[PDB]
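Structural features, examined
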Amino acid sequence: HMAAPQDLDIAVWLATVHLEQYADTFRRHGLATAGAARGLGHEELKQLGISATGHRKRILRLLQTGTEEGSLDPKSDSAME
């Protein structure tokens, strides 16, 4: 099974990046599920209650899942010798 279901607790979604704690502000925002938040962007994450940059890009990188489906993977090849 690829990606997560629409009825997926917002805590289980952020828990993938060790940031499930953010599920609080998320739920209070009217989105307690990855399906109710599906669509949020970077600029939108700022008003969502997120101030950490490294964390913000950590969420969106997971939301992109679907058409490409690519999270937690290497991105380098060769170095010199």
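Residues numbered from 1 in each chain as written, not as in the entry; some residues may be left out. Heavy atoms only, no water.

- For this deposited structure, the header cites solution NMR as the method used.

A few points about the nonpolar core
- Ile-10, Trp-13, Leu-14, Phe-26, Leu-45 and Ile-59 are the most contacted members of the largest nonpolar core, which totals 20 residues.
- Elements with a minimum of two residues in this core: α1 (10–14), α2 (23–28), α3 (34–37), α4 (42–48) and α5 (53–63).
- Once residues lying within four places of it in the same chain are set aside, the contact partners of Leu-14 are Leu-19, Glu-20, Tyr-22, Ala-23 and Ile-59. (Core = buried A, V, L, I, M, F, W, Y, C linked by side-chain atoms within 4.5 Å. Buried < 20%, exposed > 50% of the residue type's maximum accessible area, 1.4 Å probe, protein only. Helix = DSSP H or I, 4+ residues; strand = E, 2+ residues; numbered from the N terminus. Contact = heavy atoms within 4.5 Å.)

Describing α5
- Within α5 the residues assigned to the buried category are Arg-56, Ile-59, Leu-60, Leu-62 and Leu-63. Buried residues of α5, viewed axially, fall in a sector of 160 degrees; they line one side. Across from the buried face of α5, at angles greater than 90 degrees, the exposed residues are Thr-53 and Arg-61.
- Those residues of α5 hidden inside the fold are in contact with α1, α3 and α4. (Arc of directions from axis to C-beta.)

Some details on the pattern of salt bridges
- The final tally for this structure, using the stated rule, is one salt bridge.
- Of the charged contacts in the structure, one is a salt bridge between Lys-46 and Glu-43, with a shortest N-O distance of 3.6 Å. One end of the pair, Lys-46, and the other, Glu-43, are both in helix α4, three residues apart, so they sit about a helical turn from each other. (Salt bridge = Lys/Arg side-chain N within 4 Å of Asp/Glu carboxyl O.)

Re unusual backbone geometry
- Positive phi outside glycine occurs at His-18, with the angle close to 65 degrees.
- Position of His-18 among the secondary structure elements: in the loop between α1 and α2.
- One non-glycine residue with positive phi stands out, namely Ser-78, at about 65 degrees.
- Relative to the helices and strands, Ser-78 resides in the segment after α5.
- Overall, the relative accessible area of 75% leaves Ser-78 in the exposed class.

Focus: the side chain of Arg-56
- Mapped onto the elements, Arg-56 comes out in helix α5.
- Here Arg-56 occupies a buried position and makes no salt bridge, while the nearest side chain of opposite charge, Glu-43, is found at 8.0 Å.
- Here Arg-56 is in contact with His-42, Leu-45, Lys-46, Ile-50 and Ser-51, once residues within four sequence places are set aside. (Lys, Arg positive; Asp, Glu negative; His and termini not counted.)

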